[PDB]
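Just so it is clear: chains get the letters A, B, ... in the order the sequence lines come, proteins before strands, and each one is counted from 1. Any value given below was found using the heavy atoms of this structure, including those in side chains, with hydrogens, waters and symmetry copies removed.
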Amino acid sequence: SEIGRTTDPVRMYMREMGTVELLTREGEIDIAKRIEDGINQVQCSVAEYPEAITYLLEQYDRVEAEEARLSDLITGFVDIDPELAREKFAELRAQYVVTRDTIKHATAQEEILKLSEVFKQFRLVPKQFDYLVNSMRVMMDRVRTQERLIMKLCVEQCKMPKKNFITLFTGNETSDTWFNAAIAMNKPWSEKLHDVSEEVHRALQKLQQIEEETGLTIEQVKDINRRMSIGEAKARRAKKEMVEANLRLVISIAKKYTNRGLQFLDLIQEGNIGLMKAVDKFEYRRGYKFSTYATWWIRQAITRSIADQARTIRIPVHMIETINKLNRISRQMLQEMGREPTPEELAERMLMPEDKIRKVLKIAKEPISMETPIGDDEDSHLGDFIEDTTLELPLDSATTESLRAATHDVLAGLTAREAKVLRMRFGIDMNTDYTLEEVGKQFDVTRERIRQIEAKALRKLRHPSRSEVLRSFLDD
Amino acid sequence: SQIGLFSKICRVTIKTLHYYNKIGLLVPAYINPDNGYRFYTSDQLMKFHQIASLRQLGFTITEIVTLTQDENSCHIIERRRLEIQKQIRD
DNA sequence: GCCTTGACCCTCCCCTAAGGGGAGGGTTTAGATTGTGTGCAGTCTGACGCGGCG
RNA sequence: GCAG
DNA sequence: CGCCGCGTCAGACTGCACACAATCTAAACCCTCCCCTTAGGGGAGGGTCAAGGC
Ligand SMILES: [Mg+2]
């Protein structure tokens with residue numbers, strides 16, 4: 001189509017963004033219903049893992065003795081007072097204790113779905129719900145890379161048929177009777193394989209703890225993890241359908257922030273991040289349109305990024321808000337008084353001390369480019385008028401070397417002991433100076449004798465016999 | 001009751017409640033873990049009332065910790081009585 | 001002169017009780033709003049190279 | 001803006 | 001394969017003087033950490049002062 005005719009990233013963004021038609025009032029409701037359907041689907045899948053609801057039950061047991069409050073674990077109930085939640089946790093507890101004692105296998109496979117759809121009633125907070133899902137995630141991910149290294153324990157031995165190797169591995173999972181038929185195959189590969197049949201043992205039996213740790217076996221929670229992925233990827237592509245359809249809301253908001261130190265695309269990217277938060281935190285059951293909430297989050301993200309990354313030397317958000325308040329107060333006083341308000345009267349229009357306002361006024365200036373043309377000459381820039389102030393003048397370098405030579409003369413006009421006491425007492429010809437105790441430990445002498453030595457040496461160097469070379473280094 | 005609402009209930013500043021938590025004198029009932037927000041209950045106002053009642057008698061903070069945690073401690077209040085009598089004379 | 005030696009003495013860092021004050025960081029904001037606009041610059045000519053394009 |  | 005459009009690449013050298021840029025928006029909560037308040041105390045680290053003996 002129009003592809004290839006522009007390189008501007010903002011034209012490309014707008015062109016690619018406009019291919020998504022907006023949502024109606026009932027479109028947002030459908031998409032939010034799909035999102036919550038995905039998250040309750042992953043809820044009802046993880047309810048198949050019973051240690052999850054035991055964790056939530058012992059969390060309520062923590063709420064029993066005020067380890068937490070109720071608002072931290074449950075945000076509501078669909079089918080907020082502590083009145084209902086007591087019988088709610090009784091409902092989940094009664095289902096758990098009736099599901100515990102049953103071991104069978106079609107007899108014990110409806111009780112789990114009863115558990116899941118009694119647990120569906122809980123509108124969990126993101127904290128606990130995230131905790132359970134990433135917990136079961138890391139559990140089967142470690143045992144799953146364990147299964148994957150059981151497979152690639154054959155690749156170190158040989159290259160092997162996996163399509164013949166998948167028919168064996170599943171379902172026994174407590175023994176090597178699936179591995180016993182591998183030598184009934186006896187193609188060359190399955191020679192090498194069996195010699196590592198010992199170092200697979202500690203792998204192939206250790207998931208046998210989880211075979212009784214969750215109460216389930218690995219193929220059941222395998223399908224549970226698969227339906228977990230289906231549910232969360234269902235919610236993820238539904239949040240994406242609500243983010244992509246409100247990308248013009250971001251632009252309508254972000255055009256109001258344009259020249260405040262950020263490029264247009266920086267603003268709409270930060271607004272996009274805020275919009276993704278707004279989608280994550282939207283409740284359609286409040287009966288409000290998506291624009292009313294999403295505007296709050298988009299405004300937050302955009303103004304926060306302007307506060308953070310629009311200035312070269314960054315000032316905090318508290319000082320950003322103080323500067324904004326000062327500028328608004330000042331443009332009101334300028335309109336009233338008909339002139340610029342002096343910081344003294346600006347200190348009574350605001351209610352801050354006057355030197356605080358003076359330093360706030362000193363803060364706000366932005367650094368000048370060192371390439372600004374001076375007088376718009378464009379052959380003379382600001383940066384070539386800036387001198388290096390850290391250098392020392394070569395007259396001062398010549399003076400320092402002359403002073404070193406003079407000090408060497410004067411200190412050679414002393415005895416070795418006094419010259420050593422002075423060369424250690426100050427840092428002369430050394431990398432460090434020393435205390436009286438360190439110089440005394442160098443001479444196995446207590447500190448006051450070193451002090452006396454150094455005093456008499458300073459007395460000698462003060463004389464008119466040795467000090468006319470040195471006194472010339474003190475400017476009169 | 002968040003710390004602002006509670007600080008206005010008991011009519012003392014926020015930093016005072018921060019301090020009373022820091023020294024372990026008056027601990028919030030429930031601290032939200034990630035934010036760190038302090039939330040109090042009525043049975044924290046019940047203890048702050050006792051704290052303020054003792055603090056209007058000049059009891060030093062450690063003396064209040066002892067007065068609230070150690071019972072039958074009338075020798076410390078009598079000691080404080082003798083010290084207050086000395087400061088009234090002075 | 002060479003040393004010691006106990007007695008002083010200085011500066012500096014941290015501490016006191018019960019919070020005050022501020023800096024600098026987090027967080028949520030629920031009527032509903034859904035495509036950037038400068039009243040921009042555009043105004044330099046000539047040589048050269050390369051690539052769509054008939 | 002200017003000087004050669 | 002020859003041609004037209006488009007992009008890129010240049011365009012004197014020293015000096016003074018002058019002088020930048022100028023519009024452009026949140027608030028109410030909470031948290032931690034740091035430094036401050038009296039009237040000096042306590043102590044490490046490091047000099048200093050008369051005395052005495054070698
Ligand atoms: Mg000029």
Decide, yes or no, whether a salt bridge links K234(A) with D37(A) under the criterion of side-chain N to carboxylate O below 4.0 Å.
-> yes
Are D308(A) and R314(A) ion-paired here, with the side-chain N under 4.0 Å from a carboxylate O?
-> no
Could you tell me whether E28(A) contacts a base, only the sugar-phosphate backbone, or nothing, with contacts defined as non-hydrogen atoms closer than 4.0 Å?
-> base
Electrostatic pair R81(B):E78(B) at N-O distance under 4.0 angstrom = no
Would you jot down, in residue-number order, the residues of residues 284-300 of chain A having a non-hydrogen atom under 4.0 Å from DNA chain E?
-> none
Remember a base hit wins even if backbone is also touched, and classify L22(A) as base, sugar-phosphate or nothing at under 4.0 Å, heavy atoms.
-> base
Examine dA27(E): is either OP1 or OP2 under 4.0 Å from a nitrogen or oxygen in the side chain of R304(A)? Give yes or no.
-> no
Tell me the ring pair (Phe, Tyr, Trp, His ring centres under 6.0 Å) pairs involving residues 260-292 of chain A, sequence neighbours left out?
-> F282(A)-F290(A)
Tabulated below should be each protein N or O lying under 3.5 Å from an N or O of nucleotides 15-19 of chain E; please produce it.
{"residue": "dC18(E)", "atom": "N3", "partner": "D377(A)", "partner atom": "OD2", "Å": "3.2"}

So, is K255(A) near the phosphate of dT38(C), with a side-chain N or O under 4.0 Å from OP1 or OP2?
-> no
May I ask you to evaluate whether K456(A) reaches the phosphate of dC2(C), defined as a side-chain N or O under 4.0 Å from OP1 or OP2?
-> yes
Return the value, rounded to whole Å, for the distance between atom CD of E321(A) and atom P of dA23(C).
-> 13 Å
Salt-bridge contact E344(A)-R358(A) (side-chain N to carboxylate O under 4.0 Å) = yes
Would you work out how much the helix from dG1(C)-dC54(E) to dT29(C)-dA26(E) bends between its ends, with each end axis defined by five base pairs, to 10 degrees?
-> 50°
Could you list by number each residue of residues 22-44 of chain B showing a heavy-atom separation from DNA chain E of less than 4.0 Å, or answer none if no residue does?
-> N35(B), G36(B), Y37(B), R38(B)
Protein-nucleotides 5-10 of chain E N/O pairs under 3.5 Å:
none

Residues in residues 424-455 of chain A with a heavy atom under 4.0 Å of DNA chain E, by number, are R425(A), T435(A), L436(A), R447(A), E448(A), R451(A)
Could you list all the salt bridge (charged side-chain N to carboxylate O under 4.0 Å, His left out) pairs where at least one residue sits in residues 251-268 of chain A, not counting sequence neighbours?
-> none
Rounded to the nearest Å, what distance is computed from the CD1 atom of residue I320(A) to the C1' atom of nucleotide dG25(C)?
-> 15 Å
Near DNA chain E, which residues from residues 4-21 of chain B have a heavy atom under 4.0 Å away?
-> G4(B), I14(B), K15(B), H18(B)
Give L23(A) one of three labels, base, sugar-phosphate or nothing, depending on what nucleic acid heavy atoms sit under 4.0 Å from its own.
-> nothing
What is the base-pairing partner of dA32(C), counting Watson-Crick and G-U wobble geometry with both distances under 3.5 Å?
-> none
Mind checking what makes side-chain contact (heavy atoms from CB on, under 4.5 Å) contact with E336(A), not counting sequence neighbours?
-> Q332(A), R349(A)
Under a 4.5 Å cut-off applied to non-hydrogen side-chain atoms, are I306(A) and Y257(A) in contact?
-> yes
Would you mind listing every side-chain hydrogen bond (donor to acceptor under 3.5 Å, both in side chains) that reaches into residues 46-58 of chain B, with sequence neighbours excluded?
-> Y20(B)-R55(B)
Spacing between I3(B) atom CD1 and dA28(E) atom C1', to the nearest angstrom | 15 Å
Salt-bridge present (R339(A), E345(A); N to O < 4.0 Å) | yes
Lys/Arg-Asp/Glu bridge criterion (N-O < 4.0 Å) met for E448(A), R451(A) = yes
Could you list all the side-chain hydrogen bond (donor to acceptor under 3.5 Å, both in side chains) pairs where at least one residue sits in residues 427-438 of chain A, not counting sequence neighbours?
-> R423(A)-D429(A)
Could you check whether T60(B) gets within reach of a base, just the sugar-phosphate, or nothing at all, counting any heavy atom under 4.0 Å?
-> sugar-phosphate
Complement of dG15(E), any strand, by Watson-Crick or G-U distances under 3.5 angstrom | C2(D)
Would you say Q43(A) and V133(A) make side-chain contact, with heavy atoms under 4.5 Å?
-> no
Any ion pair linking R237(A) and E241(A) (charged N to carboxylate O, less than 4.0 Å)?
-> no
Determine if the base of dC29(E) is syn or anti; take syn to mean the glycosidic torsion is within 90° of 0.
-> anti
The Watson-Crick or G-U wobble partner of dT8(E), with both key distances under 3.5 Å, is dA47(C)
Which part of the nucleic acid does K281(A) contact within heavy-atom distance under 4.0 Å: base, sugar-phosphate only, or nothing?
-> base
